[PDB]
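Asker: Just dropping this structure here.
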Amino acid sequence: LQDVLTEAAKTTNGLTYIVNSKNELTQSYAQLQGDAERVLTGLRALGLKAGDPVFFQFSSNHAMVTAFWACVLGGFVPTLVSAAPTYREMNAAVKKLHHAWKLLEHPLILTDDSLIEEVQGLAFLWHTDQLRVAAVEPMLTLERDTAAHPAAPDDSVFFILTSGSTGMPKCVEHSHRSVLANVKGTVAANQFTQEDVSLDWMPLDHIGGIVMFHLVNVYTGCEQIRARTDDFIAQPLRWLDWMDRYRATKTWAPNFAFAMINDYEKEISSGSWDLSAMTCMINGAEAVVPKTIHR
(Lines give C-alpha, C1' and ligand atoms only; values in the text may rest on other atoms or scores of the structure.)
Protein backbone atom coordinates (compact mmCIF):
# COMPACT_ATOMS: atom_id res chain seq x y z
CA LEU A 1 0.00 0.00 0.00
CA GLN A 2 2.89 2.38 0.75
CA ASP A 3 3.66 2.29 -2.98
CA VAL A 4 0.10 3.32 -3.90
CA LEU A 5 0.19 6.42 -1.67
CA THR A 6 3.57 7.68 -2.90
CA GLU A 7 2.40 7.10 -6.48
CA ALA A 8 -0.89 8.92 -5.85
CA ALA A 9 0.82 11.99 -4.38
CA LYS A 10 2.44 12.56 -7.80
CA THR A 11 -0.77 14.18 -9.14
CA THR A 12 -2.64 17.35 -8.18
CA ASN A 13 -5.89 15.41 -7.78
CA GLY A 14 -6.88 14.30 -4.31
CA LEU A 15 -9.64 14.27 -1.71
CA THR A 16 -12.55 16.69 -1.29
CA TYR A 17 -14.57 16.63 1.95
CA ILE A 18 -18.11 18.04 2.06
CA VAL A 19 -19.32 19.97 5.12
CA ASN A 20 -22.53 21.57 3.80
CA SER A 21 -24.03 22.77 0.51
CA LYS A 22 -21.48 25.64 0.33
CA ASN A 23 -18.42 24.32 2.23
CA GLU A 24 -15.58 22.07 1.09
CA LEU A 25 -12.22 20.72 2.19
CA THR A 26 -9.31 19.82 -0.10
CA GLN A 27 -6.69 17.16 0.67
CA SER A 28 -4.28 16.55 -2.19
CA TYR A 29 -2.74 13.08 -2.29
CA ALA A 30 0.52 14.86 -1.49
CA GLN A 31 -1.10 16.59 1.48
CA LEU A 32 -2.19 13.11 2.57
CA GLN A 33 1.19 11.36 2.71
CA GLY A 34 2.52 14.44 4.49
CA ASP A 35 -0.38 14.61 6.93
CA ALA A 36 -0.13 10.84 7.40
CA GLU A 37 3.49 11.17 8.53
CA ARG A 38 2.45 13.78 11.12
CA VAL A 39 -0.02 11.33 12.65
CA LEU A 40 2.61 8.59 12.51
CA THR A 41 4.69 10.72 14.88
CA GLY A 42 1.78 10.62 17.31
CA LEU A 43 1.03 6.94 16.72
CA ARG A 44 4.60 5.78 17.38
CA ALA A 45 4.61 8.04 20.45
CA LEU A 46 1.69 6.32 22.17
CA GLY A 47 3.80 3.17 21.77
CA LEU A 48 2.70 1.38 18.61
CA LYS A 49 4.83 -1.31 16.96
CA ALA A 50 4.40 -2.78 13.49
CA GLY A 51 1.72 -5.46 13.26
CA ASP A 52 -0.30 -4.25 16.26
CA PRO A 53 -4.10 -4.29 15.76
CA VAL A 54 -5.76 -0.87 15.95
CA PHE A 55 -9.43 -0.05 16.48
CA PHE A 56 -11.19 2.60 14.37
CA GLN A 57 -14.29 4.54 15.47
CA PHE A 58 -14.74 7.62 13.29
CA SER A 59 -17.33 10.11 12.08
CA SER A 60 -15.15 12.64 10.20
CA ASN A 61 -14.17 11.41 6.73
CA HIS A 62 -10.95 13.46 6.96
CA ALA A 63 -9.53 12.08 10.21
CA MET A 64 -10.35 8.49 9.27
CA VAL A 65 -8.63 8.72 5.87
CA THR A 66 -5.47 10.21 7.39
CA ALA A 67 -5.43 7.51 10.07
CA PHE A 68 -5.88 4.64 7.60
CA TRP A 69 -2.74 5.66 5.72
CA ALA A 70 -0.84 6.78 8.83
CA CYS A 71 -1.17 3.14 9.91
CA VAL A 72 -0.16 1.80 6.49
CA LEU A 73 3.10 3.75 6.76
CA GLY A 74 3.91 2.67 10.32
CA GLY A 75 3.00 -0.91 9.41
CA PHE A 76 0.02 -1.25 11.76
CA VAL A 77 -3.20 -3.23 11.31
CA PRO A 78 -6.34 -1.08 11.62
CA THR A 79 -9.79 -2.54 12.31
CA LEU A 80 -12.68 -1.16 10.24
CA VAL A 81 -16.02 -1.05 12.08
CA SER A 82 -18.90 1.41 12.10
CA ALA A 83 -19.25 3.89 14.95
CA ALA A 84 -21.90 3.25 17.57
CA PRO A 85 -25.05 5.42 17.48
CA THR A 86 -24.58 5.84 21.24
CA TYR A 87 -22.02 4.64 23.80
CA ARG A 88 -23.97 5.80 26.88
CA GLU A 89 -25.75 2.45 27.34
CA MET A 90 -25.16 -1.18 26.42
CA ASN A 91 -27.11 -2.37 23.40
CA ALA A 92 -26.81 -4.61 20.34
CA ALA A 93 -23.98 -2.44 18.98
CA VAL A 94 -21.92 -1.85 22.15
CA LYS A 95 -22.20 -5.60 22.71
CA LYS A 96 -20.54 -6.42 19.38
CA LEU A 97 -17.92 -3.84 20.33
CA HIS A 98 -17.05 -5.57 23.62
CA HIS A 99 -16.65 -8.83 21.68
CA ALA A 100 -14.29 -7.24 19.14
CA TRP A 101 -12.41 -5.17 21.72
CA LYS A 102 -11.78 -8.37 23.66
CA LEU A 103 -11.20 -10.57 20.58
CA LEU A 104 -8.39 -8.32 19.25
CA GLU A 105 -6.41 -8.37 22.52
CA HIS A 106 -7.98 -5.19 23.93
CA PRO A 107 -6.27 -2.81 21.46
CA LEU A 108 -6.21 0.97 21.38
CA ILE A 109 -9.20 2.80 19.92
CA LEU A 110 -8.71 5.69 17.51
CA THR A 111 -11.33 8.44 17.40
CA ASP A 112 -11.93 12.09 16.58
CA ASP A 113 -12.29 14.92 19.07
CA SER A 114 -16.07 14.63 18.73
CA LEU A 115 -16.42 10.99 19.84
CA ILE A 116 -13.66 10.79 22.47
CA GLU A 117 -15.86 12.17 25.25
CA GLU A 118 -18.52 9.57 24.39
CA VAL A 119 -16.19 6.61 23.73
CA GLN A 120 -14.25 7.00 26.98
CA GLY A 121 -17.53 6.17 28.71
CA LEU A 122 -16.96 2.56 27.68
CA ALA A 123 -14.45 2.36 30.55
CA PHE A 124 -17.27 2.49 33.11
CA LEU A 125 -19.78 0.53 31.03
CA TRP A 126 -17.34 -2.33 30.31
CA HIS A 127 -15.89 -2.10 33.84
CA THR A 128 -12.43 -2.54 32.29
CA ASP A 129 -9.46 -0.28 32.96
CA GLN A 130 -7.28 -1.61 30.10
CA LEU A 131 -9.20 0.45 27.51
CA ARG A 132 -7.75 3.60 26.01
CA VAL A 133 -8.65 5.99 23.20
CA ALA A 134 -6.84 8.56 21.08
CA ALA A 135 -7.93 11.67 19.18
CA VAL A 136 -6.63 11.91 15.61
CA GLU A 137 -7.40 15.61 15.06
CA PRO A 138 -4.66 17.12 17.31
CA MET A 139 -1.99 14.82 15.80
CA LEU A 140 -1.76 16.85 12.57
CA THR A 141 0.18 19.52 14.52
CA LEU A 142 3.18 17.22 15.08
CA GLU A 143 6.41 16.32 13.31
CA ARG A 144 6.63 14.07 10.26
CA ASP A 145 8.45 10.73 10.03
CA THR A 146 9.84 9.45 6.72
CA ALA A 147 11.05 6.26 8.48
CA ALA A 148 8.43 3.94 7.00
CA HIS A 149 8.53 0.34 8.20
CA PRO A 150 9.26 -2.27 5.49
CA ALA A 151 6.12 -3.87 4.07
CA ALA A 152 5.54 -7.36 2.69
CA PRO A 153 3.11 -8.45 -0.05
CA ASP A 154 1.28 -10.97 2.20
CA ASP A 155 1.34 -9.05 5.49
CA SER A 156 -2.09 -8.35 6.97
CA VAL A 157 -3.19 -4.85 5.96
CA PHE A 158 -6.47 -4.25 7.79
CA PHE A 159 -9.26 -5.95 9.74
CA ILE A 160 -12.88 -5.63 8.58
CA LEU A 161 -15.76 -7.16 10.53
CA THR A 162 -19.19 -8.46 9.53
CA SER A 163 -21.12 -5.63 11.17
CA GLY A 164 -24.16 -6.98 9.35
CA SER A 165 -24.08 -10.20 11.36
CA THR A 166 -27.04 -11.38 13.42
CA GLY A 167 -24.69 -13.39 15.65
CA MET A 168 -21.43 -12.56 17.37
CA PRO A 169 -19.28 -10.52 14.96
CA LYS A 170 -16.54 -12.17 12.92
CA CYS A 171 -13.17 -10.66 12.03
CA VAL A 172 -11.50 -10.78 8.61
CA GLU A 173 -7.79 -10.69 7.79
CA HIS A 174 -6.76 -9.05 4.52
CA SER A 175 -3.32 -9.05 2.89
CA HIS A 176 -1.70 -6.31 0.82
CA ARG A 177 -1.88 -8.61 -2.20
CA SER A 178 -5.35 -10.03 -1.57
CA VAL A 179 -6.66 -6.45 -1.52
CA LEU A 180 -4.67 -5.14 -4.48
CA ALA A 181 -5.65 -8.38 -6.23
CA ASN A 182 -9.17 -6.97 -6.62
CA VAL A 183 -8.51 -3.25 -7.14
CA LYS A 184 -6.49 -4.17 -10.23
CA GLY A 185 -9.13 -6.49 -11.68
CA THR A 186 -11.86 -3.96 -10.90
CA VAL A 187 -10.23 -1.05 -12.75
CA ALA A 188 -10.03 -3.43 -15.73
CA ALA A 189 -13.68 -4.48 -16.02
CA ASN A 190 -14.99 -0.91 -15.62
CA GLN A 191 -12.30 1.15 -17.43
CA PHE A 192 -11.41 3.74 -14.79
CA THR A 193 -8.82 6.49 -15.12
CA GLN A 194 -7.36 9.57 -13.45
CA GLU A 195 -10.14 11.55 -15.16
CA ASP A 196 -13.06 10.06 -13.21
CA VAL A 197 -14.48 11.94 -10.22
CA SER A 198 -15.62 9.61 -7.43
CA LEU A 199 -18.55 10.64 -5.22
CA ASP A 200 -18.93 8.33 -2.21
CA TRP A 201 -20.92 8.61 1.03
CA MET A 202 -21.18 4.96 2.11
CA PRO A 203 -19.24 4.46 5.38
CA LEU A 204 -15.66 3.26 5.27
CA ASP A 205 -16.27 0.32 7.62
CA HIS A 206 -18.06 -1.39 4.70
CA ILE A 207 -16.11 -3.33 2.08
CA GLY A 208 -17.25 -0.92 -0.64
CA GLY A 209 -15.91 2.02 1.34
CA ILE A 210 -12.22 1.12 1.06
CA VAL A 211 -11.45 -1.62 -1.46
CA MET A 212 -14.01 -1.01 -4.19
CA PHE A 213 -13.88 2.82 -4.06
CA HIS A 214 -11.30 4.68 -1.94
CA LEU A 215 -8.33 2.45 -2.76
CA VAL A 216 -9.36 2.41 -6.43
CA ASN A 217 -9.30 6.23 -6.44
CA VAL A 218 -5.82 6.46 -4.89
CA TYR A 219 -4.53 3.67 -7.13
CA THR A 220 -5.68 5.48 -10.31
CA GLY A 221 -5.34 9.07 -9.07
CA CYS A 222 -8.96 10.20 -9.42
CA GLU A 223 -10.36 13.34 -7.87
CA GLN A 224 -12.25 12.15 -4.78
CA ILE A 225 -15.37 13.56 -3.11
CA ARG A 226 -16.43 12.28 0.33
CA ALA A 227 -19.64 13.27 2.11
CA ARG A 228 -21.11 12.25 5.45
CA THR A 229 -23.66 9.44 5.27
CA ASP A 230 -25.83 11.39 7.72
CA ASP A 231 -26.15 14.41 5.42
CA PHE A 232 -27.42 12.14 2.63
CA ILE A 233 -29.98 10.07 4.55
CA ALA A 234 -31.24 13.30 6.13
CA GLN A 235 -32.30 14.44 2.63
CA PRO A 236 -31.40 12.14 -0.30
CA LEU A 237 -31.85 14.87 -2.93
CA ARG A 238 -28.39 16.01 -1.82
CA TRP A 239 -27.07 13.10 -3.91
CA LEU A 240 -28.04 15.09 -7.02
CA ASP A 241 -26.66 18.36 -5.63
CA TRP A 242 -23.24 16.69 -5.28
CA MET A 243 -23.02 14.91 -8.65
CA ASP A 244 -23.71 18.35 -10.20
CA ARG A 245 -21.38 20.50 -8.07
CA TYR A 246 -18.46 18.15 -8.88
CA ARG A 247 -19.47 16.74 -12.31
CA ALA A 248 -18.82 13.24 -11.00
CA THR A 249 -18.33 10.21 -13.23
CA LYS A 250 -18.35 7.42 -10.62
CA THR A 251 -20.54 6.76 -7.58
CA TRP A 252 -22.19 3.82 -5.83
CA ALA A 253 -25.00 3.15 -3.35
CA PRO A 254 -27.00 0.02 -2.41
CA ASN A 255 -30.50 -0.26 -3.80
CA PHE A 256 -32.06 1.23 -0.67
CA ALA A 257 -30.60 4.60 -1.73
CA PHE A 258 -32.23 4.51 -5.18
CA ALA A 259 -35.74 3.96 -3.83
CA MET A 260 -35.18 6.82 -1.37
CA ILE A 261 -34.67 9.18 -4.31
CA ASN A 262 -37.93 8.34 -6.09
CA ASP A 263 -40.00 9.56 -3.13
CA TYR A 264 -38.93 13.13 -4.01
CA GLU A 265 -40.68 12.95 -7.39
CA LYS A 266 -42.22 16.36 -6.67
CA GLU A 267 -38.83 18.06 -6.31
CA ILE A 268 -37.21 16.23 -9.24
CA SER A 269 -39.81 17.53 -11.72
CA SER A 270 -39.34 21.12 -10.46
CA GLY A 271 -35.72 22.26 -10.41
CA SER A 272 -33.31 20.46 -12.72
CA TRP A 273 -29.71 19.33 -12.38
CA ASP A 274 -26.98 18.24 -14.79
CA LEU A 275 -26.07 14.55 -14.56
CA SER A 276 -24.35 13.81 -17.89
CA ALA A 277 -21.18 13.69 -15.78
CA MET A 278 -22.17 10.21 -14.63
CA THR A 279 -20.80 7.14 -16.41
CA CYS A 280 -20.36 4.46 -13.70
CA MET A 281 -23.09 3.94 -11.09
CA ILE A 282 -22.57 0.77 -9.03
CA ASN A 283 -24.92 -0.75 -6.47
CA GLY A 284 -25.05 -3.68 -4.06
CA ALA A 285 -26.44 -6.85 -5.63
CA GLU A 286 -27.84 -8.24 -2.35
CA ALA A 287 -31.05 -6.25 -3.05
CA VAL A 288 -31.65 -6.05 -6.81
CA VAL A 289 -35.05 -4.73 -7.90
CA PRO A 290 -35.44 -3.64 -11.56
CA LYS A 291 -38.81 -2.22 -10.46
CA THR A 292 -37.38 1.02 -9.05
CA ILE A 293 -34.33 1.23 -11.34
CA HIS A 294 -36.11 1.84 -14.64
CA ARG A 295 -38.28 4.30 -12.71
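Letters for chains follow the order of the C-alpha coordinates (A, B, ...), residue numbers begin at 1 for each chain, and ligand numbers begin at 1 in the order shown.
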Set the distance at 12 Å and use only C-alpha atoms: which residues neighbour residue 1 in chain A once local chain neighbours fewer than 6 positions away are removed? I'd like the list as a ChimeraX atom specification.

Answerer: /A:7-8,33,68-76,148-158,175-181,183,211,215-216,218-219

Asker: Fewer than 6 positions away in the same chain doesn't count, so skip those; otherwise give me all residues within 10 Å of range 255-269 of chain A, counting only C-alpha atoms, as a list in words.

Answerer: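 Contacts, in chain order: residues 232, 233, 235, 236, 237, 238, 239, 240, 282, 283, 284, 285, 286, 287, 288, 289, 290, 291, 292, 293 and 295 of chain A.
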
Asker: For residue 115 in chain A, which of A:21, A:57, A:191, A:166 is the closest residue, counting only C-alpha atoms?

Answerer: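 Answer, going by the shortest atom-to-atom distance: A:57.
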
Asker: Where in range 70-215 of chain A does DSSP assign strand (DSSP E), given as number ranges by chain?

Answerer: A: 77-80, 109-111, 133-135, 156-161, 171-175, 197-200

Asker: May I ask for the distance between CA of residue 67 in chain A and CA of residue 39 in chain A, given in Å to one decimal place?

Answerer: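 For CA of residue 67 in chain A relative to CA of residue 39 in chain A, the distance reads 7.1 Å.
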
Asker: From a DSSP pass on the backbone, collect the residues of range 45-208 of chain A flagged as helix (DSSP H, G or I) and hand them back as a PyMOL selection string.

Answerer: chain A and resi 45-46+61-74+92-103+113-119+122-125+137-141+176-190+207-208

Asker: Counting only C-alpha atoms, what is within 8 Å of residue 143 in chain A, bar same-chain residues fewer than 3 positions away, as a ChimeraX atom specification?

Answerer: /A:37-38,41

Asker: So how many Å separate CA of residue 242 in chain A and CA of residue 60 in chain A, to one decimal?

Answerer: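 CA of residue 242 in chain A sits 17.9 Å away from CA of residue 60 in chain A.
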
Asker: Give the answer as one residue: which of A:36, A:199, A:224, A:204 has the shortest atom-to-atom distance to residue 251 in chain A, using only C-alpha atoms?

Answerer: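 Ranking A:36, A:199, A:224, A:204 by distance to residue 251 in chain A, first place goes to A:199.
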
Asker: Taking into account only C-alpha atoms, which residue in the set A:209, A:47, A:254, A:121 is nearest to residue 80 in chain A?

Answerer: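 That would be A:209, the residue with the smallest distance to residue 80 in chain A.
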
Asker: Write out as a list in words each polymer residue whose atoms come within 10 Å of residue 228 in chain A, counting only C-alpha atoms; drop sequence neighbours fewer than 4 positions from it.

Answerer: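 So, after excluding close chain neighbours, the residues are residues 17, 18, 19, 20, 59, 60, 61, 200, 201, 202, 203, 232 and 233 of chain A.
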
Asker: Using only C-alpha atoms, which of the listed residues (A:111, A:65, A:231, A:54) sits closest to residue 32 in chain A?

Answerer: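 Ranking A:111, A:65, A:231, A:54 by distance to residue 32 in chain A, first place goes to A:65.
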
Asker: Enter the distance from CA of residue 137 in chain A to CA of residue 114 in chain A, in Å, rounded to one decimal.

Answerer: 9.5 Å
